[PDB]
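Chemist: Quick one: this structure, given as structure tokens, is what I'll be asking you about.
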Amino acid sequence: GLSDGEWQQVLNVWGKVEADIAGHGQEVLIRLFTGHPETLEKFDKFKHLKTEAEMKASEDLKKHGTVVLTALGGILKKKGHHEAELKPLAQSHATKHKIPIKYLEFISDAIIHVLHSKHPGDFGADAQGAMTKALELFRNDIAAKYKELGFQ
Ligand code: HEM
């Protein structure tokens, strides 16, 4: 449950991401994969990436980063009214990709890390609070769908 002012902060922060969705998406995934190498194993199409240099050079990783952040941005712009947008992602990530909710926590924190890394001094405490709450809401609603599906 975010206030109007918190959603305003979220969407203000998101404008930073939308200016360079592929660069943000790439860095989010690289942060996820390098911080939590087990997550790489969930991607048949990225498990060949042995080094961060290879990850950085991967155009397909940037492409997927764009897909991920485009989806997330579409969800965030719903300001919590995202059941229709979230449902297929929860279902695909539980049933097809088999992504534990822990990895969604990892990527949520990776987003925060990337925002500070790319916008140092420009991702204020209020913005971090609002973005964190929005990612918690996202993760929590996914978690509810995971529970429905019995997925761990
Ligand atoms: C912000 C959180 C995430 C968003 C918005 C997101 C979004 C997406 C989207 C839109 C797709 C393609 C459509 C689909 O298959 O449903 C996808 C595919 C996929 N996602 Fe995610 N995802 C997120 C987090 C994760 C995490 C944390 C993992 C694993 C650690 C993961 C693993 C995968 C895999 C393996 C695929 C299939 C990739 C392929 O083979 O093309 N996702 N994701």
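Starting from 1 in every chain, residues are counted up; chains themselves are A, B, ... following the order of the structure tokens, and ligands are numbered from 1 as listed.
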Name all residues at most 8 Å from range 59-63 of chain A (count only C-alpha atoms; drop same-chain ones fewer than 6 positions away) and give them as a PyMOL selection string.

Modeler: chain A and resi 22-23+25-26+29+46

Chemist: Can you pull out every residue with an atom within 6 Å of ligand 1? Use only C-alpha atoms and all ligand atoms and format it as a ChimeraX atom specification.

Modeler: /A:39,42-43,45,67-69,71-72,89,92,97,99,103-104,107

Chemist: Separation of CA of residue 27 in chain A and CA of residue 94 in chain A, in Å?

Modeler: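 Result for CA of residue 27 in chain A versus CA of residue 94 in chain A: 23.7 Å, one decimal.
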
Chemist: Just asking: which residues within chain A are helix (DSSP H, G or I) according to DSSP, as JSON, numbers by chain?

Modeler: {"A": [4, 5, 6, 7, 8, 9, 10, 11, 12, 13, 14, 15, 16, 17, 18, 19, 21, 22, 23, 24, 25, 26, 27, 28, 29, 30, 31, 32, 33, 34, 35, 37, 38, 39, 40, 52, 53, 54, 55, 56, 57, 59, 60, 61, 62, 63, 64, 65, 66, 67, 68, 69, 70, 71, 72, 73, 74, 75, 76, 83, 84, 85, 86, 87, 88, 89, 90, 91, 92, 93, 94, 95, 96, 101, 102, 103, 104, 105, 106, 107, 108, 109, 110, 111, 112, 113, 114, 115, 116, 117, 118, 125, 126, 127, 128, 129, 130, 131, 132, 133, 134, 135, 136, 137, 138, 139, 140, 141, 142, 143, 144, 145, 146, 147, 148, 149]}

Chemist: Rank A:6, A:141, A:122, A:38 by their smallest atom-to-atom distance to residue 82 in chain A, using only C-alpha atoms, and report the top residue only.

Modeler: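 Of the candidates, the smallest distance to residue 82 in chain A is held by A:141.
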
Chemist: Sort by chain and increasing residue number a table of all residues of range 14-101 of chain A within 9 Å of range 124-136 of chain A, each with its closest pair of atoms and their distance in Å to one decimal, counting only C-alpha atoms, and write it as CSV.

Modeler:
```
residue,atom,partner,partner_atom,distance
A:14,CA,A:131,CA,8.8
A:76,CA,A:134,CA,7.3
A:79,CA,A:134,CA,8.3
A:80,CA,A:134,CA,8.0
```

Chemist: So the first atom is CA of residue 111 in chain A and the second is CA of residue 28 in chain A; what is the distance between them in Å, to one decimal place?

Modeler: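 Spanning CA of residue 111 in chain A to CA of residue 28 in chain A is a straight-line distance of 5.7 Å.
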
Chemist: Quick one: residues within 12 Å of residue 48 in chain A, only C-alpha atoms, excluding same-chain residues fewer than 6 positions away - as a ChimeraX atom specification?

Modeler: /A:33,37,40-42,54-55,58,61

Chemist: Given the selection you just returned, output its residues as a file containing C-alpha atoms, formatted as a PDB file, in the first residue's frame.

Modeler:
```
ATOM      1  CA  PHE A  33      23.951 -12.737 -11.839  1.00  0.00           C
ATOM      2  CA  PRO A  37      25.373 -16.792  -9.464  1.00  0.00           C
ATOM      3  CA  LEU A  40      22.219 -17.434 -13.783  1.00  0.00           C
ATOM      4  CA  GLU A  41      21.470 -21.162 -13.776  1.00  0.00           C
ATOM      5  CA  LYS A  42      17.780 -20.405 -14.264  1.00  0.00           C
ATOM      6  CA  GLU A  54      30.849 -11.669 -21.350  1.00  0.00           C
ATOM      7  CA  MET A  55      27.668 -10.551 -19.598  1.00  0.00           C
ATOM      8  CA  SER A  58      25.944  -9.847 -24.372  1.00  0.00           C
ATOM      9  CA  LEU A  61      21.288  -9.956 -21.953  1.00  0.00           C
TER      10      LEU A  61
END
```

Chemist: Rounded to one decimal place, report the CA of residue 144 in chain A-CA of residue 96 in chain A distance in Å.

Modeler: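 So the answer is 17.0 Å.
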
Chemist: Compare A:44, A:20, A:85, A:109 by their minimum atom-to-atom distance to residue 32 in chain A, counting only C-alpha atoms, and give me the closest one.

Modeler: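 Comparing A:44, A:20, A:85, A:109 against residue 32 in chain A, the winner is A:109.
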
Chemist: Between A:121, A:150, A:35, A:65, single out the one closest to residue 91 in chain A, counting only C-alpha atoms.

Modeler: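 Result for the nearest residue to residue 91 in chain A: A:150.
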
Chemist: From the options A:146, A:31, A:152, A:64, which residue's atoms come nearest to residue 88 in chain A, counting only C-alpha atoms?

Modeler: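 Checking each of A:146, A:31, A:152, A:64 against residue 88 in chain A, counting only C-alpha atoms, the winner is A:146.
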
Chemist: Can you work out which one of A:142, A:17, A:114, A:10 has the shortest atom-to-atom distance to residue 84 in chain A, counting only C-alpha atoms?

Modeler: A:142
